[PDB]
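In terms of the deposited numbering, the sequence shown is residues 4 to 125, 127 to 261. So the structure is just underneath, and the comments pick up after that.
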Amino acid sequence: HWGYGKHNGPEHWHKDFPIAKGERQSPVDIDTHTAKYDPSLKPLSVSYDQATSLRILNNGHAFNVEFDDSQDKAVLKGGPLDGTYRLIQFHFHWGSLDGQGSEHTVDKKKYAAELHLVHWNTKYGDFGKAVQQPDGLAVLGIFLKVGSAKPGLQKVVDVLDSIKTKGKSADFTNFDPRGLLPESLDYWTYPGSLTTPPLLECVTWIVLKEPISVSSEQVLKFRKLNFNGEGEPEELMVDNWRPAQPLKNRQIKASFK
Ligand SMILES: O=C(O)Cc1cccc([N+](=O)[O-])c1
Ligand SMILES: [Zn+2]
């Protein structure tokens, strides 16, 4: 099945998922000089004070931190969005080396990792319905650069030993995702897709301009995870990013001058 190896990686996905060659695929390169400032874009509203984290899972492709999305407890509104989007999970993409790992690029620059906070539009009632709609999902993307440690990440790093292999989960309550945000909420936005199969074209992307800093030791711990299940040959979970796709007939908008 699909993955990030030589024989099953991004360049092969189109055979099972023909939408891989579609008109609104993600990620993309953000060309800062051709993005257009749009004064009509509103500030983002991130309301995460009542978030309820539940569990952390190694799904064989990344690790997900899952939230209770049965009520409006952790929501995203404003920005380019109409309506209310509820947080369901976050996950990361990262590299084998500090000079790669992000999915989006900025003037062709790759960051060490990229955080995706995934939200679904409450008008569609459940996540599975929302992914079938062009405005179903809103994903907040945050870049990670290597430098100073991020204290609010450490609780995630320390539990990774307990979910080393595919299919393992652990209880993960009382985690506050506000400790992952940068100071500024200035952003770029464009219409795109999921970056893993099934690659559905259901996402409004909101990519923050300001990266967060994490330490070398924090990222090194991500690279100790395994793509494989327990008692199968070890293959390190690294380079779980899709490369940039053609922009086609899309414009990237900026919230800032
Ligand atoms: O890989 C999956 O399971 C599909 C999936 C599910 C949720 C969010 C996703 N995204 O691209 O942000 C992708
Ligand atoms: Zn992702």
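Idealized CB from N, CA, C, for every residue including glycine.
| Item | Value |
| --- | --- |
| Beta-bridge pairing of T208 - partner residues as DSSP gives them | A142 and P195 |
| Candidates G82, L157, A153 and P21: closest to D41 by CA position | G82 |
| The stretch 176–195 in contact with the stretch 226–245 per 3-pair CB rule at 8 Å | no |
| Contact check, residue 340 vs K170, beta carbons under 8 Å | Residue 340 lies beyond the stretch modelled for the chain, which goes from 4 to 261, so this question has no answer here. |
| beta-carbon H96 near ligand 2 non-hydrogen atom, thresh 7 Å | yes |
| Buried or exposed by the 16-neighbour rule on C-beta atoms within 10 Å, applied to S29 | buried |
| Counterpart residues of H122 in DSSP-defined beta bridges | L90 and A142 |
| Backbone CA spacing between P250 and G25 [nearest angstrom] | 9 Å |
| Beta-carbon proximity list for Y114, same chain, < 7 Å, skipping 5 on both sides | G104, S105, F147, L148, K149 and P215 |
| In chain order, each beta strand (DSSP E) run of at least 3 residues that lies wholly inside the stretch 139–183 | 141–150 and 173–175 |
| CA nearest to the CA of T208, picked from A54, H96, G129 and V135 | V135 |
| Reference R254, options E117, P155 and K39, closest by Cα | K39 |
| Burial state of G233, where buried means 16 or more other Cβ atoms lie within 10 Å | exposed |
| Spatial distance of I256 from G98 (CA atoms) | 25 Å |
| Where the alpha helix (DSSP H) containing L224 begins and where it ends | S220 to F226 |
| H64 CB to nearest heavy atom of ligand 2 below 7 Å | no |
| Among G156, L120, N67 and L57, nearest to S50 - alpha-carbon criterion | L120 |
| Residue nearest to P247 in terms of C-alpha spacing, selected from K127, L157 and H107 | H107 |
| Any non-hydrogen atom of ligand 1 closer than 7 Å to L198 Cβ | yes |
| beta-carbon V121 near ligand 1 non-hydrogen atom, thresh 7 Å | yes |
| Cβ-heavy atom distance, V161 to ligand 1, below 7 Å | no |
| Residues bridged to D32 (per DSSP) | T108 |
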